[PDB]
$ cat protein00.txt   # compact mmCIF, C-alpha atoms and all ligand atoms
# COMPACT_ATOMS: atom_id res chain seq x y z
CA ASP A 1 -96.47 171.23 142.22
CA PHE A 2 -92.89 172.37 142.70
CA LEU A 3 -94.04 174.76 145.43
CA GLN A 4 -95.70 171.99 147.44
CA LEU A 5 -92.40 170.03 147.16
CA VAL A 6 -90.48 173.12 148.44
CA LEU A 7 -92.93 173.49 151.38
CA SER A 8 -92.97 169.80 152.38
CA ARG A 9 -89.14 169.45 152.27
CA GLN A 10 -87.82 170.11 155.80
CA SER A 11 -84.90 169.21 158.07
CA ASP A 12 -85.92 165.85 159.48
CA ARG A 13 -84.21 165.30 162.88
CA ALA A 14 -85.56 161.80 163.56
CA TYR A 15 -85.26 158.62 161.48
CA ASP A 16 -86.57 155.07 161.50
CA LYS A 17 -83.31 153.25 162.31
CA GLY A 18 -84.28 149.78 161.06
CA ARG A 19 -85.74 151.01 157.76
CA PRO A 20 -83.50 150.76 154.64
CA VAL A 21 -83.35 153.20 151.74
CA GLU A 22 -84.00 151.36 148.43
CA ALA A 23 -81.10 151.48 145.96
CA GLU A 24 -83.26 152.88 143.09
CA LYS A 25 -84.43 155.81 145.26
CA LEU A 26 -80.89 156.70 146.25
CA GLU A 27 -79.64 156.44 142.68
CA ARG A 28 -82.32 158.93 141.58
CA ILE A 29 -81.22 161.29 144.39
CA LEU A 30 -77.56 161.12 143.25
CA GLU A 31 -78.52 161.59 139.65
CA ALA A 32 -80.30 164.81 140.68
CA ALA A 33 -77.10 165.83 142.46
CA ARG A 34 -74.82 165.03 139.48
CA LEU A 35 -77.05 167.00 137.11
CA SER A 36 -76.76 170.20 139.23
CA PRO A 37 -75.52 173.35 137.50
CA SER A 38 -72.14 174.81 138.50
CA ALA A 39 -70.07 177.85 137.41
CA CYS A 40 -68.14 176.91 134.23
CA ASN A 41 -69.81 173.49 134.53
CA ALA A 42 -66.78 172.70 136.75
CA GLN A 43 -68.83 170.28 138.90
CA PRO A 44 -66.26 170.65 141.71
CA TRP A 45 -67.75 167.97 143.98
CA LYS A 46 -67.58 164.31 144.90
CA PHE A 47 -70.45 162.60 146.72
CA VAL A 48 -69.28 159.82 149.06
CA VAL A 49 -72.42 157.91 149.78
CA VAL A 50 -72.33 155.91 153.01
CA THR A 51 -74.86 153.04 152.85
CA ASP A 52 -73.02 150.36 154.82
CA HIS A 53 -75.01 149.84 158.06
CA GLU A 54 -71.93 149.81 160.38
CA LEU A 55 -70.19 152.66 158.55
CA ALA A 56 -73.35 154.84 158.57
CA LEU A 57 -73.65 154.33 162.32
CA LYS A 58 -70.11 155.52 162.79
CA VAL A 59 -70.45 158.47 160.42
CA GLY A 60 -73.66 159.59 162.11
CA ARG A 61 -72.01 159.34 165.55
CA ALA A 62 -69.11 161.50 164.32
CA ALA A 63 -71.66 164.06 163.16
CA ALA A 64 -73.02 164.39 166.76
CA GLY A 65 -71.54 166.65 169.37
CA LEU A 66 -72.13 169.56 171.70
CA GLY A 67 -75.83 168.58 172.01
CA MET A 68 -76.38 168.72 168.19
CA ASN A 69 -77.03 166.07 165.50
CA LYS A 70 -77.82 163.16 167.92
CA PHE A 71 -80.36 161.87 165.37
CA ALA A 72 -77.65 161.54 162.62
CA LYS A 73 -76.67 158.02 163.77
CA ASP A 74 -80.23 156.86 163.08
CA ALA A 75 -80.20 157.88 159.40
CA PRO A 76 -79.21 154.78 157.32
CA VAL A 77 -77.68 156.91 154.51
CA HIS A 78 -75.16 159.78 154.66
CA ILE A 79 -74.20 161.68 151.52
CA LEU A 80 -70.86 163.36 152.16
CA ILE A 81 -70.08 166.24 149.84
CA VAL A 82 -66.35 166.87 149.27
CA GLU A 83 -65.06 169.93 147.49
CA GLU A 84 -62.99 169.05 144.42
CA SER A 85 -60.94 172.30 144.10
CA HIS A 86 -66.13 181.01 146.17
CA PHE A 87 -68.05 179.33 143.26
CA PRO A 88 -67.40 175.77 144.60
CA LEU A 89 -69.35 176.75 147.75
CA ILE A 90 -72.23 178.19 145.75
CA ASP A 91 -72.11 175.04 143.57
CA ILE A 92 -72.28 172.71 146.59
CA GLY A 93 -75.34 174.59 147.95
CA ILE A 94 -76.94 173.99 144.51
CA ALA A 95 -76.22 170.27 144.79
CA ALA A 96 -77.53 170.11 148.38
CA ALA A 97 -80.84 171.68 147.30
CA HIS A 98 -81.07 169.09 144.50
CA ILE A 99 -80.34 166.18 146.89
CA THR A 100 -82.85 167.22 149.56
CA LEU A 101 -85.62 168.13 147.09
CA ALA A 102 -85.03 164.77 145.32
CA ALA A 103 -85.14 162.94 148.69
CA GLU A 104 -88.50 164.60 149.53
CA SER A 105 -89.92 163.84 146.03
CA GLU A 106 -89.08 160.14 146.78
CA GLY A 107 -90.98 160.11 150.13
CA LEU A 108 -87.70 160.25 152.10
CA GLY A 109 -86.59 162.61 154.84
CA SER A 110 -83.28 164.48 154.85
CA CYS A 111 -81.18 166.87 156.86
CA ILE A 112 -78.22 168.91 155.65
CA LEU A 113 -75.44 168.92 158.32
CA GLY A 114 -72.75 171.62 158.24
CA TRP A 115 -71.52 170.71 161.73
CA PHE A 116 -69.73 167.45 162.26
CA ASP A 117 -66.28 166.09 163.17
CA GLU A 118 -64.73 166.56 159.72
CA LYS A 119 -61.42 164.87 160.66
CA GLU A 120 -63.05 161.67 161.96
CA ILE A 121 -65.58 161.38 159.11
CA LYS A 122 -62.76 161.82 156.61
CA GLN A 123 -60.71 159.11 158.38
CA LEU A 124 -63.74 156.74 158.41
CA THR A 125 -64.31 157.12 154.64
CA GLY A 126 -60.71 157.54 153.31
CA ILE A 127 -61.21 161.16 152.21
CA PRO A 128 -57.70 162.77 152.06
CA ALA A 129 -56.94 165.21 154.92
CA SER A 130 -56.33 167.93 152.29
CA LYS A 131 -59.85 167.68 150.78
CA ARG A 132 -62.58 169.79 152.43
CA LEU A 133 -65.63 167.84 153.48
CA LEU A 134 -68.33 170.47 153.50
CA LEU A 135 -71.66 168.80 154.20
CA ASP A 136 -73.18 165.53 155.27
CA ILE A 137 -76.73 165.00 154.06
CA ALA A 138 -78.52 162.41 156.17
CA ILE A 139 -81.21 160.48 154.30
CA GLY A 140 -83.85 158.14 155.63
CA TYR A 141 -87.55 157.58 156.34
CA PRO A 142 -88.95 160.21 158.80
CA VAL A 143 -90.89 159.45 161.98
CA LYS A 144 -91.91 163.01 163.02
CA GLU A 145 -94.50 165.28 161.40
CA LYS A 146 -94.09 168.29 159.10
CA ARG A 147 -93.41 171.31 161.33
CA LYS A 148 -94.50 174.75 160.14
CA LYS A 149 -91.81 176.80 158.40
CA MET A 150 -90.26 179.86 159.93
CA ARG A 151 -88.86 182.35 157.41
CA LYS A 152 -88.11 186.09 157.54
CA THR A 153 -90.90 188.38 156.24
CA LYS A 154 -91.06 189.16 152.51
CA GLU A 155 -89.99 192.75 153.13
CA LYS A 156 -86.75 191.72 154.81
CA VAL A 157 -85.70 189.35 151.98
CA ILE A 158 -87.39 190.70 148.80
CA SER A 159 -87.50 194.15 147.24
CA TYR A 160 -88.56 195.16 143.74
CA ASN A 161 -86.57 197.39 141.37
CA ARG A 162 -84.82 198.78 144.49
CA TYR A 163 -82.55 197.59 147.38
CA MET B 1 -89.75 160.70 138.27
CA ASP B 2 -91.27 164.14 137.84
CA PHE B 3 -88.54 165.74 139.99
CA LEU B 4 -85.82 164.20 137.86
CA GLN B 5 -87.54 165.27 134.62
CA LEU B 6 -87.59 168.87 136.03
CA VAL B 7 -83.84 168.62 136.91
CA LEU B 8 -83.05 167.47 133.34
CA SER B 9 -85.16 170.09 131.56
CA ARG B 10 -83.84 173.01 133.63
CA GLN B 11 -80.83 174.48 131.77
CA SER B 12 -78.89 177.69 131.33
CA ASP B 13 -80.89 179.61 128.78
CA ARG B 14 -78.66 182.09 126.86
CA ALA B 15 -81.30 183.78 124.72
CA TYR B 16 -84.57 185.48 125.70
CA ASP B 17 -87.74 186.69 124.00
CA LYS B 18 -87.33 190.39 124.63
CA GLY B 19 -90.93 191.60 124.13
CA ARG B 20 -92.59 188.85 126.21
CA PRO B 21 -93.04 189.82 129.90
CA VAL B 22 -93.02 187.50 132.86
CA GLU B 23 -96.42 187.14 134.52
CA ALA B 24 -96.31 188.63 138.01
CA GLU B 25 -97.97 185.51 139.48
CA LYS B 26 -95.14 183.34 138.05
CA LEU B 27 -92.51 185.67 139.51
CA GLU B 28 -94.23 185.54 142.90
CA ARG B 29 -94.18 181.71 142.89
CA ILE B 30 -90.43 181.81 142.12
CA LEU B 31 -89.71 184.24 144.98
CA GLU B 32 -91.77 182.17 147.36
CA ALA B 33 -89.58 179.14 146.42
CA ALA B 34 -86.47 181.24 147.04
CA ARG B 35 -87.66 182.51 150.45
CA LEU B 36 -88.51 179.01 151.65
CA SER B 37 -84.97 177.70 150.92
CA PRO B 38 -83.14 176.04 153.83
CA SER B 39 -80.02 177.72 155.33
CA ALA B 40 -77.55 176.90 158.18
CA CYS B 41 -79.12 178.06 161.50
CA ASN B 42 -82.10 179.29 159.43
CA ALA B 43 -80.06 182.51 159.12
CA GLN B 44 -81.41 183.21 155.57
CA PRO B 45 -78.49 185.56 154.82
CA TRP B 46 -79.87 186.84 151.53
CA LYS B 47 -81.91 189.58 149.98
CA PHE B 48 -83.44 189.17 146.55
CA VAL B 49 -83.46 192.42 144.57
CA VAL B 50 -85.96 191.69 141.80
CA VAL B 51 -85.64 193.85 138.69
CA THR B 52 -88.88 193.87 136.67
CA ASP B 53 -88.80 197.47 135.33
CA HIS B 54 -88.20 197.24 131.54
CA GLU B 55 -85.58 200.04 131.46
CA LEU B 56 -83.77 198.92 134.64
CA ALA B 57 -83.69 195.30 133.42
CA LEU B 58 -82.03 196.52 130.21
CA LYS B 59 -79.38 198.39 132.15
CA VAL B 60 -78.69 195.58 134.66
CA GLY B 61 -78.55 193.07 131.81
CA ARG B 62 -76.09 195.23 129.86
CA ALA B 63 -73.95 195.54 133.01
CA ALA B 64 -73.81 191.72 133.15
CA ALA B 65 -72.17 191.58 129.67
CA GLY B 66 -68.43 191.55 129.08
CA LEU B 67 -65.55 189.82 127.35
CA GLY B 68 -68.12 188.51 124.84
CA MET B 69 -70.06 186.67 127.66
CA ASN B 70 -73.57 187.31 128.96
CA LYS B 71 -74.71 189.42 125.91
CA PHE B 72 -78.15 187.75 126.17
CA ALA B 73 -78.62 189.11 129.77
CA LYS B 74 -80.01 192.46 128.44
CA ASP B 75 -82.84 190.54 126.73
CA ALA B 76 -84.00 188.87 129.96
CA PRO B 77 -86.96 190.95 131.27
CA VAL B 78 -86.34 189.85 134.89
CA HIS B 79 -83.12 189.85 136.93
CA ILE B 80 -83.05 188.39 140.41
CA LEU B 81 -80.02 189.85 142.11
CA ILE B 82 -78.94 187.84 145.18
CA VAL B 83 -77.21 189.99 147.82
CA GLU B 84 -75.41 188.43 150.78
CA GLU B 85 -76.80 189.69 154.10
CA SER B 86 -74.08 188.32 156.49
CA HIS B 87 -68.71 179.73 154.39
CA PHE B 88 -72.38 179.02 155.03
CA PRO B 89 -73.79 182.18 153.37
CA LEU B 90 -72.32 181.06 150.02
CA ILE B 91 -73.66 177.50 150.43
CA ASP B 92 -77.00 179.04 151.41
CA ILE B 93 -77.08 181.27 148.32
CA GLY B 94 -76.44 178.28 146.02
CA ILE B 95 -79.40 176.53 147.72
CA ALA B 96 -81.55 179.55 146.98
CA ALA B 97 -80.32 179.75 143.35
CA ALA B 98 -81.29 176.09 142.78
CA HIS B 99 -84.74 176.88 144.20
CA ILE B 100 -85.15 179.90 141.90
CA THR B 101 -84.07 178.16 138.68
CA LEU B 102 -86.04 174.95 139.34
CA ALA B 103 -89.09 177.06 140.17
CA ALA B 104 -88.61 179.13 136.99
CA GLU B 105 -88.47 175.92 134.90
CA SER B 106 -91.53 174.48 136.66
CA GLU B 107 -93.45 177.64 135.59
CA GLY B 108 -92.34 177.19 131.94
CA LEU B 109 -89.79 180.01 132.17
CA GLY B 110 -86.13 180.03 131.17
CA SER B 111 -83.28 181.11 133.46
CA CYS B 112 -79.56 181.56 133.70
CA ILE B 113 -77.44 181.91 136.82
CA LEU B 114 -74.79 184.64 136.27
CA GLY B 115 -71.80 184.76 138.59
CA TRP B 116 -69.86 187.10 136.24
CA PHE B 117 -71.06 190.61 135.87
CA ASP B 118 -69.99 194.21 136.61
CA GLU B 119 -70.95 194.14 140.29
CA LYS B 120 -70.17 197.87 140.84
CA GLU B 121 -72.33 199.06 137.95
CA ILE B 122 -75.22 196.77 138.97
CA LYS B 123 -75.02 197.97 142.58
CA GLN B 124 -74.82 201.61 141.43
CA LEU B 125 -77.89 201.12 139.14
CA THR B 126 -80.09 199.44 141.76
CA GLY B 127 -79.07 201.14 145.06
CA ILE B 128 -77.30 198.13 146.63
CA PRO B 129 -74.90 199.28 149.44
CA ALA B 130 -71.32 199.47 148.17
CA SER B 131 -70.33 197.31 151.17
CA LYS B 132 -72.86 194.48 150.52
CA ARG B 133 -71.70 191.60 148.27
CA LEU B 134 -73.87 190.95 145.22
CA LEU B 135 -73.21 187.33 144.42
CA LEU B 136 -75.49 186.28 141.58
CA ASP B 137 -77.86 187.65 139.01
CA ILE B 138 -80.42 185.10 137.87
CA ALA B 139 -81.86 186.18 134.52
CA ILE B 140 -85.44 184.97 133.99
CA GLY B 141 -87.57 185.05 130.86
CA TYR B 142 -89.13 183.02 128.02
CA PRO B 143 -86.49 181.07 125.98
CA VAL B 144 -85.81 181.22 122.22
CA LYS B 145 -83.43 178.26 121.86
CA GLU B 146 -84.35 174.64 122.45
CA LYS B 147 -83.35 172.06 125.10
CA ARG B 148 -79.82 170.56 124.99
CA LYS B 149 -78.60 167.31 126.50
CA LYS B 150 -76.47 167.90 129.56
CA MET B 151 -72.74 167.54 129.72
CA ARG B 152 -71.75 166.14 133.12
CA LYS B 153 -68.85 164.03 134.45
CA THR B 154 -69.49 160.30 134.54
CA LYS B 155 -71.14 158.89 137.67
CA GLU B 156 -67.89 157.22 138.72
CA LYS B 157 -65.92 160.50 138.76
CA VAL B 158 -68.48 162.26 141.03
CA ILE B 159 -70.03 159.36 143.05
CA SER B 160 -68.39 156.74 145.24
CA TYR B 161 -70.02 154.41 147.76
CA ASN B 162 -68.75 153.92 151.36
CA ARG B 163 -65.22 155.23 150.55
CA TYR B 164 -63.72 158.20 148.67
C1 LIG C 201 -72.55 179.99 140.27
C2 LIG C 201 -72.85 179.99 138.80
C3 LIG C 201 -72.43 181.03 137.97
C4 LIG C 201 -72.73 181.01 136.61
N1 LIG C 201 -72.39 182.09 135.84
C5 LIG C 201 -72.61 182.03 134.55
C6 LIG C 201 -72.36 183.26 133.73
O1 LIG C 201 -71.97 184.31 134.19
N2 LIG C 201 -72.70 183.14 132.38
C7 LIG C 201 -73.19 181.99 131.81
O2 LIG C 201 -73.45 182.03 130.61
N3 LIG C 201 -73.50 180.88 132.59
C8 LIG C 201 -73.32 180.95 133.90
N4 LIG C 201 -73.54 179.82 134.68
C9 LIG C 201 -74.24 178.67 134.09
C10 LIG C 201 -73.34 177.47 133.96
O3 LIG C 201 -72.48 177.55 132.80
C11 LIG C 201 -74.22 176.24 133.76
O4 LIG C 201 -74.98 175.98 134.91
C12 LIG C 201 -73.39 174.97 133.50
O5 LIG C 201 -72.67 175.07 132.26
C13 LIG C 201 -74.26 173.73 133.30
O6 LIG C 201 -75.22 173.86 132.23
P1 LIG C 201 -76.80 173.75 132.58
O7 LIG C 201 -77.11 174.92 133.57
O8 LIG C 201 -77.38 174.19 131.23
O9 LIG C 201 -77.22 172.36 133.08
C14 LIG C 201 -73.32 179.85 136.06
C15 LIG C 201 -73.73 178.80 136.91
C16 LIG C 201 -73.49 178.85 138.25
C17 LIG C 201 -73.84 177.72 139.17
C1 LIG C 202 -75.54 174.58 155.28
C2 LIG C 202 -76.52 174.01 156.27
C3 LIG C 202 -76.09 173.31 157.36
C4 LIG C 202 -76.97 172.77 158.30
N1 LIG C 202 -76.46 172.17 159.42
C5 LIG C 202 -77.31 171.61 160.26
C6 LIG C 202 -76.79 170.83 161.30
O1 LIG C 202 -75.60 170.58 161.47
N2 LIG C 202 -77.77 170.33 162.14
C7 LIG C 202 -79.14 170.46 161.99
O2 LIG C 202 -79.89 169.96 162.84
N3 LIG C 202 -79.62 171.17 160.93
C8 LIG C 202 -78.73 171.69 160.11
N4 LIG C 202 -79.19 172.42 159.02
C9 LIG C 202 -80.63 172.56 158.77
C10 LIG C 202 -81.14 173.97 159.00
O3 LIG C 202 -81.28 174.14 160.42
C11 LIG C 202 -82.52 174.12 158.37
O4 LIG C 202 -82.41 173.95 156.96
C12 LIG C 202 -83.22 175.46 158.73
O5 LIG C 202 -83.44 175.57 160.15
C13 LIG C 202 -84.55 175.68 158.02
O6 LIG C 202 -85.40 174.61 158.39
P1 LIG C 202 -85.96 173.55 157.26
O7 LIG C 202 -84.66 172.96 156.57
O8 LIG C 202 -86.72 172.60 158.11
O9 LIG C 202 -86.89 174.27 156.33
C14 LIG C 202 -78.33 172.98 158.11
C15 LIG C 202 -78.79 173.59 156.93
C16 LIG C 202 -77.87 174.10 156.04
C17 LIG C 202 -78.36 174.78 154.81
CL CL C 203 -70.22 179.65 133.48
CL CL C 204 -78.57 174.67 161.55
$ encode --input "protein00.txt" --output "structure tokens"
Amino acid sequence: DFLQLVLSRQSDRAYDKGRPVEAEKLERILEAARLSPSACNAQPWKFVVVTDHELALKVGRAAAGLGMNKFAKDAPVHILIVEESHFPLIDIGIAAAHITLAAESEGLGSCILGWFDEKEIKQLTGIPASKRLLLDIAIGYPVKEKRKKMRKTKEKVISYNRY
Amino acid sequence: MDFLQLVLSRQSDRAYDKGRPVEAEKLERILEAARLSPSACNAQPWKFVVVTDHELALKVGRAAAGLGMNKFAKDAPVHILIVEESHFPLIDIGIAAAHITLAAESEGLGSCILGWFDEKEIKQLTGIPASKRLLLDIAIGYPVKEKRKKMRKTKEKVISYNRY
């Protein structure tokens, strides 16, 4: 069920460092991303997929800071989402949902990262200074269990026929 | 395998079967998917205003139409209005929209994300504070027209490995 996939997908903050992601799994994740809807079908994104062992280490280190994202250096894959000139931001959320749901459907863990050293990750991967790097999605096999979800109550987030 | 088949079958449906209602249990599964979306800091900066009343749906759908776009919205029996509840909020709302439309497709329902609409009229019809930003209406209902193949950029334009 789709709902079981939604429930099992979580932010994994620990990865098996020595354990590679298979090329066919990653390709299906990026296909899900590419096939995302977008306003005007503008598809205003580029996914820079870091799979090189040494590069991924460096990208994951540049995602860490201020006590956050220490686990990022352990994920063997980092999908960097660059805005390709409002709706772009909505569109990139769409694509992130498709990446992380696809990762979970493939037995892989993921974590969307909005906090990182944008400058350094852009230098490491040759992204122009003038392009906005918006998210890094870490991908790898998880080592910790499924935590229980915390969400706001229905009444705070959902009303019928009425604000 | 299955997930990718779902991603390919989900599409923007631009015609609805006007007399066929959406089962409440299907709607509830879609809203559960939306609620369970991830968000930066788990802030969940959204409220879903779910229009199921036949007359109100008609009016919200009509207020989505203009410049010859979105004329089919008035035929959708359900409208999920996504209101921002204080960057990340916009990314978060796109996450939630993906969850809603994938969930709709998994239930055998059609959907269309609408970013263009008469925001003031829809707010006035539904009670949404003037000062709160209504960002999307997702129309939900049973489709009339068939599945199309996707038009997307080539892999090479949107995907590069290890370097931009
Ligand atoms: C943020 C957003 C806003 C959209 N607004 C509209 C709209 O107002 N009217 C419309 O007909 N389609 C709307 N679309 C649908 C897009 O045209 C559609 O997703 C895109 O063409 C890709 O086609 P597909 O959804 O059928 O794969 C919107 C999509 C997104 C993501
Ligand atoms: C836009 C965005 C950015 C995120 N940034 C981070 C981040 O930098 N570090 C982190 O540990 N989690 C990050 N997360 C994950 C959220 O904390 C997480 O999705 C939320 O707490 C709900 O938990 P769940 O994803 O396990 O269901 C981010 C999520 C989103 C949507
Ligand atoms: Cl559009
Ligand atoms: Cl967070």
$ closest_atom_pairs --input "protein00.txt" --of "chain A" --to "ligand CL 204 (chain C)" --cutoff "10 Å" --atoms "all atoms listed in the file" --output "tab-separated table"
residue	atom	partner	partner_atom	distance
A:11	CA	C:CL204	CL	9.1
A:68	CA	C:CL204	CL	9.2
A:69	CA	C:CL204	CL	9.6
A:111	CA	C:CL204	CL	9.5
A:112	CA	C:CL204	CL	8.3
A:113	CA	C:CL204	CL	7.3
A:114	CA	C:CL204	CL	7.4
A:115	CA	C:CL204	CL	8.1
$ residues_near_ligand --input "protein00.txt" --ligand "ligand LIG 201 (chain C)" --cutoff "7 Å" --atoms "all atoms listed in the file" --output "PDB file with C-alpha atoms, keeping the file's coordinate frame"
ATOM      1  CA  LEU A  35     -77.050 167.000 137.110  1.00  0.00           C
ATOM      2  CA  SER A  36     -76.760 170.200 139.230  1.00  0.00           C
ATOM      3  CA  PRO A  37     -75.520 173.350 137.500  1.00  0.00           C
ATOM      4  CA  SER A  38     -72.140 174.810 138.500  1.00  0.00           C
ATOM      5  CA  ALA A  39     -70.070 177.850 137.410  1.00  0.00           C
ATOM      6  CA  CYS A  40     -68.140 176.910 134.230  1.00  0.00           C
ATOM      7  CA  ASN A  41     -69.810 173.490 134.530  1.00  0.00           C
ATOM      8  CA  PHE A  87     -68.050 179.330 143.260  1.00  0.00           C
ATOM      9  CA  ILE A  90     -72.230 178.190 145.750  1.00  0.00           C
ATOM     10  CA  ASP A  91     -72.110 175.040 143.570  1.00  0.00           C
TER      11      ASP A  91
ATOM     12  CA  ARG B  10     -83.840 173.010 133.630  1.00  0.00           C
ATOM     13  CA  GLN B  11     -80.830 174.480 131.770  1.00  0.00           C
ATOM     14  CA  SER B  12     -78.890 177.690 131.330  1.00  0.00           C
ATOM     15  CA  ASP B  13     -80.890 179.610 128.780  1.00  0.00           C
ATOM     16  CA  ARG B  14     -78.660 182.090 126.860  1.00  0.00           C
ATOM     17  CA  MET B  69     -70.060 186.670 127.660  1.00  0.00           C
ATOM     18  CA  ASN B  70     -73.570 187.310 128.960  1.00  0.00           C
ATOM     19  CA  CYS B 112     -79.560 181.560 133.700  1.00  0.00           C
ATOM     20  CA  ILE B 113     -77.440 181.910 136.820  1.00  0.00           C
ATOM     21  CA  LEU B 114     -74.790 184.640 136.270  1.00  0.00           C
ATOM     22  CA  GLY B 115     -71.800 184.760 138.590  1.00  0.00           C
ATOM     23  CA  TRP B 116     -69.860 187.100 136.240  1.00  0.00           C
ATOM     24  CA  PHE B 117     -71.060 190.610 135.870  1.00  0.00           C
ATOM     25  CA  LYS B 150     -76.470 167.900 129.560  1.00  0.00           C
TER      26      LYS B 150
END
$ closest_atom_pairs --input "protein00.txt" --of "chain A" --to "chain B" --cutoff "6 Å" --atoms "all atoms listed in the file" --output "tab-separated table"
residue	atom	partner	partner_atom	distance
A:46	CA	B:158	CA	4.5
A:47	CA	B:159	CA	4.9
A:48	CA	B:160	CA	5.0
A:49	CA	B:161	CA	4.7
A:50	CA	B:162	CA	4.4
A:89	CA	B:91	CA	5.1
A:90	CA	B:94	CA	4.2
A:91	CA	B:94	CA	5.9
A:93	CA	B:91	CA	4.2
A:94	CA	B:94	CA	4.6
A:97	CA	B:95	CA	5.1
A:125	CA	B:163	CA	4.6
A:126	CA	B:164	CA	5.6
A:127	CA	B:164	CA	5.3
A:157	CA	B:47	CA	4.3
A:158	CA	B:48	CA	4.8
A:159	CA	B:49	CA	5.1
A:160	CA	B:50	CA	4.8
A:161	CA	B:51	CA	4.5
A:162	CA	B:126	CA	5.5
A:163	CA	B:128	CA	5.3
$ closest_residue --input "protein00.txt" --among "B:108, B:84, B:25, B:122" --to "residue 58 in chain B" --atoms "only C-alpha atoms"
B:122
$ atom_distance --input "protein00.txt" --atom1 "CA of residue 6 in chain A" --atom2 "CA of residue 101 in chain A"
7.1 Å
$ atom_distance --input "protein00.txt" --atom1 "CA of residue 13 in chain A" --atom2 "CA of residue 77 in chain A"
13.5 Å
$ closest_atom_pairs --input "protein00.txt" --of "chain A" --to "ligand LIG 202 (chain C)" --cutoff "12 Å" --atoms "all atoms listed in the file" --output "tab-separated table"
residue	atom	partner	partner_atom	distance
A:5	CA	C:LIG202	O9	11.5
A:6	CA	C:LIG202	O9	8.7
A:7	CA	C:LIG202	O9	7.8
A:8	CA	C:LIG202	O9	8.5
A:9	CA	C:LIG202	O9	6.7
A:10	CA	C:LIG202	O8	3.6
A:11	CA	C:LIG202	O8	3.8
A:12	CA	C:LIG202	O8	6.9
A:13	CA	C:LIG202	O2	6.4
A:14	CA	C:LIG202	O2	10.0
A:60	CA	C:LIG202	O1	11.2
A:62	CA	C:LIG202	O1	11.5
A:63	CA	C:LIG202	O1	7.8
A:64	CA	C:LIG202	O1	8.5
A:65	CA	C:LIG202	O1	9.7
A:66	CA	C:LIG202	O1	10.9
A:67	CA	C:LIG202	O2	10.1
A:68	CA	C:LIG202	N2	6.4
A:69	CA	C:LIG202	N2	5.5
A:70	CA	C:LIG202	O2	8.7
A:71	CA	C:LIG202	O2	8.5
A:72	CA	C:LIG202	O2	8.7
A:81	CA	C:LIG202	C1	11.4
A:89	CA	C:LIG202	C1	10.0
A:90	CA	C:LIG202	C1	10.7
A:92	CA	C:LIG202	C1	9.5
A:93	CA	C:LIG202	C1	7.3
A:94	CA	C:LIG202	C17	10.4
A:95	CA	C:LIG202	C17	11.2
A:96	CA	C:LIG202	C17	8.0
A:97	CA	C:LIG202	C17	8.5
A:99	CA	C:LIG202	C17	11.9
A:100	CA	C:LIG202	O7	9.2
A:101	CA	C:LIG202	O7	10.7
A:104	CA	C:LIG202	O7	11.6
A:109	CA	C:LIG202	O8	10.5
A:110	CA	C:LIG202	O7	8.8
A:111	CA	C:LIG202	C9	6.0
A:112	CA	C:LIG202	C14	4.8
A:113	CA	C:LIG202	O1	3.6
A:114	CA	C:LIG202	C3	3.8
A:115	CA	C:LIG202	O1	4.1
A:116	CA	C:LIG202	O1	6.7
A:117	CA	C:LIG202	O1	10.5
A:118	CA	C:LIG202	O1	11.7
A:134	CA	C:LIG202	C1	8.5
A:135	CA	C:LIG202	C1	7.0
A:136	CA	C:LIG202	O1	8.4
A:137	CA	C:LIG202	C4	8.9
A:138	CA	C:LIG202	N2	9.9
A:144	CA	C:LIG202	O8	12.0
A:145	CA	C:LIG202	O8	11.2
A:146	CA	C:LIG202	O8	8.6
A:147	CA	C:LIG202	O8	7.5
A:148	CA	C:LIG202	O8	8.3
A:149	CA	C:LIG202	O9	5.9
A:150	CA	C:LIG202	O6	7.3
A:151	CA	C:LIG202	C13	8.0
A:152	CA	C:LIG202	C13	11.0
$ atom_distance --input "protein00.txt" --atom1 "CA of residue 86 in chain A" --atom2 "CA of residue 110 in chain B"
25.0 Å
$ residues_around --input "protein00.txt" --residues "residue 51 in chain A" --least-positions-apart "3" --cutoff "9 Å" --atoms "only C-alpha atoms" --output "mmCIF file with C-alpha atoms, in the coordinates of the input"
data_model
loop_
_atom_site.group_PDB
_atom_site.id
_atom_site.type_symbol
_atom_site.label_atom_id
_atom_site.label_comp_id
_atom_site.auth_asym_id
_atom_site.auth_seq_id
_atom_site.Cartn_x
_atom_site.Cartn_y
_atom_site.Cartn_z
ATOM 1 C CA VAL A 21 -83.350 153.200 151.740
ATOM 2 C CA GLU A 54 -71.930 149.810 160.380
ATOM 3 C CA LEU A 55 -70.190 152.660 158.550
ATOM 4 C CA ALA A 56 -73.350 154.840 158.570
ATOM 5 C CA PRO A 76 -79.210 154.780 157.320
ATOM 6 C CA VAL A 77 -77.680 156.910 154.510
ATOM 7 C CA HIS A 78 -75.160 159.780 154.660
ATOM 8 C CA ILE A 79 -74.200 161.680 151.520
ATOM 9 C CA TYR B 161 -70.020 154.410 147.760
ATOM 10 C CA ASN B 162 -68.750 153.920 151.360
#
$ residues_around --input "protein00.txt" --residues "residue 141 in chain B" --least-positions-apart "3" --cutoff "7 Å" --atoms "all atoms listed in the file" --output "list in words"
residues 16, 22, 76, 77, 78, 109, 110 and 111 of chain B
$ closest_residue --input "protein00.txt" --among "A:33, A:107, A:80, A:88" --to "residue 133 in chain A" --atoms "all atoms listed in the file"
A:80
$ closest_residue --input "protein00.txt" --among "B:68, B:26, B:18, B:100" --to "residue 137 in chain B" --atoms "all atoms listed in the file"
B:100
$ closest_residue --input "protein00.txt" --among "A:42, A:16, A:128, A:28" --to "ligand CL 203 (chain C)" --atoms "all atoms listed in the file"
A:42
